[PDB]
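Enquirer: My questions will all concern the structure given below.
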Amino acid sequence: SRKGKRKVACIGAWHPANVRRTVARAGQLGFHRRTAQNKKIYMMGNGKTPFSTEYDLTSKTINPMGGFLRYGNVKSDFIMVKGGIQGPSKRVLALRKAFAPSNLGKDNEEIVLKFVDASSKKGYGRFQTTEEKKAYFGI
Amino acid sequence: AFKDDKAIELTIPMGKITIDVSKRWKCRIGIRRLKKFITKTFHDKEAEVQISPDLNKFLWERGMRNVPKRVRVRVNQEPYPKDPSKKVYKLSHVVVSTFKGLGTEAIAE
Amino acid sequence: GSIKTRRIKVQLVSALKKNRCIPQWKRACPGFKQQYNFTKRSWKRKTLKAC
Amino acid sequence: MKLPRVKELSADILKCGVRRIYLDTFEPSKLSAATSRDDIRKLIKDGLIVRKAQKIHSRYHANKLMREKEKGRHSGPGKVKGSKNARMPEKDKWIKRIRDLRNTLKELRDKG
RNA sequence: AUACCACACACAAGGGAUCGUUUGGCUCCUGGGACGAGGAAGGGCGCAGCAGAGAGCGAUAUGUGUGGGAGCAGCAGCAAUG
RNA sequence: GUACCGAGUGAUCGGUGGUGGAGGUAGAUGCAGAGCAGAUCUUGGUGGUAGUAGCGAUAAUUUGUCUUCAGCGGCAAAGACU
RNA sequence: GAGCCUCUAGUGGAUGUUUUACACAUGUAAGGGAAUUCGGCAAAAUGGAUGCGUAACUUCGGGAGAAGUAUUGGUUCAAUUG
RNA sequence: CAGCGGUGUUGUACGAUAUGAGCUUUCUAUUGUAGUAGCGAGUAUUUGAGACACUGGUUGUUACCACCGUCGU
């Protein structure tokens with residue numbers, strides 16, 4: 001086709017003699033308010049107290065090797081939640097108690113952790129602590 | 001000039017300041033951005049920058065599609081002759097074997 | 001070009017002597033009313049047809 | 001006397017291209033005063049106008065390659081693009097052979 | 001409508017209508033109806049103290065004779081020996 | 001020619017103040033190339049669109065220095081191309 | 001005297017800004033492999049030289065580079081065109 | 001901008017030294033002895049080397065305290 005392929009071809013009929021608000025057009029994308037309902041808290045803790053599971057007997061903080069990419073190390077209290085969340089690193093968010101309780105079985109189940117990943121987020125991260133890196137390489 | 005009429009000697013990270021610039025014109029736009037770096041380092045946007053021919057010749061050494069990673073330069077500050085309301089900064093090339101250990105120095109004369 | 005006939009050369013010689021402005025003294029004369037010589041030409045704008 | 005013209009007349013005098021003429025920088029007044037070919041001849045004598053040397057194009061690699069090909073290096077099946085006959089012409093092999101053989105027979109007969 | 005757009009009036013721009021003027025045109029009438037081998041009509045090229053076009057003139061390119069008589073339009077020079 | 005003011009149902013007519021610098025009417029009759037919004041009308045002059053659309057196929061350009069008086073103009077040193 | 005690279009000789013300006021979307025010249029792509037479309041249109045794949053091996057039909061000249069397969073750089077040697 | 005810590009990407013720098021399928025027999029002193037070599041793809045050591053980036057860790061050095069306008073009391 002001539003005059004471009006990445007477009008809506010037909011934007012209306014002859015009558016009514018105007019464009020309808022329901023047809024797609026080019027413009028702003030992203031930077032909108034959105035609310036995500038019923039996300040579940042897996043863990044709560046502090047950035048400088050080490051922790052362990054019943055199965056992983058290493059004792060480590062939440063901070064990965066070298067920190068989070070454009071942030072560094074967590075120092076205060078933290079929450080951990082399932083799945084992804086709006087916006088990039090460093091943006092402010094508002095938290096609210098759930099508006100109504102959920103009936104779904106996936107939501108209301110218990111959670112028991114056995115491992116948490118603490119490897120580097122830059123490149124392929126292949127160690128969980130500096131002690132392992134020092135032991136893999138010499139000296 | 002500067003405090004106690006010293007020259008400042010510094011190193012310019014040509015590799016970093018040109019990260020976004022196109023391969024086809026790297027050396028042409030690098031010159032515009034070397035001058036910009038100087039003016040922000042001494043907080044003097046409206047001032048003139050003057051490049052000595054030896055420094056020009058060092059920069060163009062591998063043609064238009066390349067620029068050196070680091071370059072060491074001596075800087076002097078003088079009132080601008082054609083309009084002495086402005087300053088002019090004069091750049092001279094300093095030949096070095098290695099960059100390891102070289103910070104920012106101020107030298108008398 | 002370099003090769004010319006005698007008839008072509010005289011046409012060029014005459015066309016070259018005629019191509020001049022009004023001399024600067026004539027403008028001062030009481031009876032004289034011309035502004036510019038309308039018979040002046042440029043090689044960029046006209047052909048002589050000497051061929 | 002504009003400096004572009006000085007270069008043209010110098011190029012004529014020194015029997016080289018305009019790209020090889022160097023004008024000395026410290027006396028532009030002395031250059032600009034020139035009027036004639038005889039002025040330029042003097043400036044040339046005094047060394048204010050100079051003919052530069054030619055740019056280098058060495059035969060180092062060409063010689064090296066040539067000697068290697070004489071030893072029999074390169075020249076394998078992955079280095080040739082023309083037919084056997086293009087590289088070593090067949091009519092020439094014939095013509096070389098039969099002239100030698102005929103010359104051999106001629107001498108043997110004539111010597112008895 | 002602070003500043004945009006429109007209209008009215010005063011001043012400045014932009015264009016050349018109108019009125020005043022005319023060493024040109026047109027029409028009718030009367031006279032005339034005169035070229036060339038003694039080279040015509042028509043074409044070209046030259047000629048000025050400063051001179052392109054046009055006018056005038058032919059290497060004698062403002063010469064001779066007759067009748068008159070005051071200047072040659074600019075600048076430099078000429079003129080009752082015209 | 002331009003602002004105002006009066007007369008007439010109306011086609012039009014009259015006066016006043018500035019501008020202009022030499023010609024102009026009222027009555028009765030005569031002769032006509034005798035009245036314009038239009039013709040994708042004819043000629044000349046001017047808008048909105050608009051400081052907008054565009055002005056950049058090709059090898060490529062940088063630094064100093066003099067002019068220029070503000071020309072990547074000239075000259076030196078580099079980097080490229082046919 | 002192909003394309004690509006150099007010597008002799010010759011060469012260049014509408015300024016700054018990292019510059020969204022849609023374009024125009026181009027690159028690359030998991031698994032699938034023409035399901036796309038009037039239609040494999042466009043693109044991809046094959047490619048030089050050396051050897052082995054080559055069908056129907058034919059006017060016996062051709063078909064024929066049929067098809068199908070293998071080899072290829074650097075170094076150091078023998079042997080003399082294999 | 002540099003040190004010194006930390007986290008990555010690529011794959012083992014330059015130069016030396018040793019080895020290397022093979023091919024070769026040169027020189028100085030001097031009568032006869034001693035001295036006495038060249039040419040070579042590559043491979044191993046020094047060397048998880050060298051290069052390059054980012055650090056909300058820590059030390060040193062260097063630069064920065066202005067100015068112009070509008071509305072109000």
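Labeling convention for the structure tokens: chains A, B, ... as they appear, residues from 1 per chain, ligands from 1 in order of appearance.
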Do you know which residues are at most 10 Å from residue A:40 counting only C-alpha atoms (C1' of nucleotides), after dropping those on the same chain fewer than 6 positions away, and could you put them as a VMD selection string?

Expert: chain A and resid 80 to 83 107 to 108 111

Enquirer: Write out as a PyMOL selection string the residues lying within 8 Å of residue B:91, counting only C-alpha atoms (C1' of nucleotides) and excluding same-chain residues fewer than 4 positions away.

Expert: chain B and resi 49-52+55+73-76

Enquirer: Convert the current residue selection to file output with C-alpha atoms, as a tab-separated table (two decimals), in the first residue's frame.

Expert:
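Output contents, as saved in part-v3.tsv:
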chain	number	residue	atom	x	y	z
B	49	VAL	CA	36.59	28.39	24.16
B	50	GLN	CA	39.73	28.22	21.95
B	51	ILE	CA	41.29	24.93	20.71
B	52	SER	CA	45.01	24.85	19.82
B	55	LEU	CA	44.66	19.37	20.10
B	73	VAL	CA	44.36	19.20	28.70
B	74	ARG	CA	45.82	22.34	30.34
B	75	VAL	CA	43.40	25.31	30.62
B	76	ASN	CA	44.17	29.06	30.87

Enquirer: Any idea what's packed within 10 Å of stretch 33-43 of chain C, counting only C-alpha atoms (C1' of nucleotides), ignoring anything in its chain fewer than 4 positions away? Could you give it as an MDAnalysis selection string?

Expert: (chainID C and resid 15:16 18:22 26:29 47:48) or (chainID E and resid 52:53)

Enquirer: Got a sec: who's within 12 Å of residue H:3, counting only C-alpha atoms (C1' of nucleotides), leaving out chain neighbours fewer than 3 positions off, as a PyMOL selection string?

Expert: (chain B and resi 99-103) or (chain H and resi 58-61)

Enquirer: Kindly export the residues of the current selection with C-alpha atoms (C1' of nucleotides), as a PDB file, in the first residue's frame.

Expert:
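selection-v5.pdb, written as the output of this step:
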ATOM      1  CA  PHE B  99      45.712   8.064  32.803  1.00  0.00           C
ATOM      2  CA  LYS B 100      46.040   6.058  36.051  1.00  0.00           C
ATOM      3  CA  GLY B 101      46.601   8.425  38.964  1.00  0.00           C
ATOM      4  CA  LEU B 102      45.751  11.674  37.134  1.00  0.00           C
ATOM      5  CA  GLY B 103      43.123  13.697  39.008  1.00  0.00           C
TER       6      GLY B 103
ATOM      7  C1'   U H  58      34.765   5.839  51.348  1.00  0.00           C
ATOM      8  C1'   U H  59      39.295   9.275  50.904  1.00  0.00           C
ATOM      9  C1'   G H  60      42.038  13.487  48.053  1.00  0.00           C
ATOM     10  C1'   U H  61      42.032  17.676  44.460  1.00  0.00           C
TER      11        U H  61
END

Enquirer: Between atom CA of residue D:31 and atom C1' of residue F:63, what distance in Å does the model show, to one decimal?

Expert: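 Interatomic distance here is 24.7 Å.
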
Enquirer: Residues at most 12 Å from residue H:27, counting only C-alpha atoms (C1' of nucleotides), excluding those fewer than 2 positions away in the same chain, as a list in words?

Expert: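 Surrounding residues, per the criterion: residues 25, 29, 35, 36, 37 and 38 of chain H.
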
Enquirer: At a cut-off of 8 Å, list the chain G residues touching chain A, using only C-alpha atoms (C1' of nucleotides), as a list in words.

Expert: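 Within 8 Å of chain A on chain G, we get residues 21, 22 and 23 of chain G.
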
Enquirer: Set the distance at 12 Å and use only C-alpha atoms (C1' of nucleotides): which residues neighbour residue C:51 once local chain neighbours fewer than 3 positions away are removed? I'd like the list as a count of residues only.

Expert: 10

Enquirer: Report the residues of chain D whose backbone DSSP state falls under strand (DSSP E or B), written as a PyMOL selection string.

Expert: chain D and resi 21-23+49-51

Enquirer: Would you pick out the contacts of stretch 17-31 of chain B at 9 Å or less, using only C-alpha atoms (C1' of nucleotides), so that residues sharing its chain but fewer than 4 positions from it are not included, and give the list as a ChimeraX atom specification?

Expert: /B:12-13,35-37,56,59-60,63-67 /F:61-62 /G:18

Enquirer: With C-alpha atoms (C1' of nucleotides) retained, export the selected residues as a PDB file, in the first residue's frame.

Expert:
ATOM      1  CA  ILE B  12      37.909  15.088  29.476  1.00  0.00           C
ATOM      2  CA  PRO B  13      35.835  11.855  29.140  1.00  0.00           C
ATOM      3  CA  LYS B  35      33.341  23.180  24.286  1.00  0.00           C
ATOM      4  CA  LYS B  36      30.026  22.667  26.154  1.00  0.00           C
ATOM      5  CA  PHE B  37      31.747  20.479  28.808  1.00  0.00           C
ATOM      6  CA  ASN B  56      42.598  19.541  16.884  1.00  0.00           C
ATOM      7  CA  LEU B  59      41.179  14.528  17.979  1.00  0.00           C
ATOM      8  CA  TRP B  60      40.948  13.843  14.201  1.00  0.00           C
ATOM      9  CA  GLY B  63      38.872  10.081  11.062  1.00  0.00           C
ATOM     10  CA  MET B  64      35.289  11.183  11.467  1.00  0.00           C
ATOM     11  CA  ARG B  65      33.682   8.009  12.850  1.00  0.00           C
ATOM     12  CA  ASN B  66      35.810   7.906  16.051  1.00  0.00           C
ATOM     13  CA  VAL B  67      36.968   9.927  19.062  1.00  0.00           C
TER      14      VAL B  67
ATOM     15  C1'   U F  61      34.295  18.326   7.237  1.00  0.00           C
ATOM     16  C1'   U F  62      37.393  20.646  11.705  1.00  0.00           C
TER      17        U F  62
ATOM     18  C1'   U G  18      19.842  13.805  19.938  1.00  0.00           C
TER      19        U G  18
END

Enquirer: Up to 10 Å from chain F, what residues of chain D turn up? Count only C-alpha atoms (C1' of nucleotides) and give them as an MDAnalysis selection string.

Expert: chainID D and resid 2:4 22:25 28
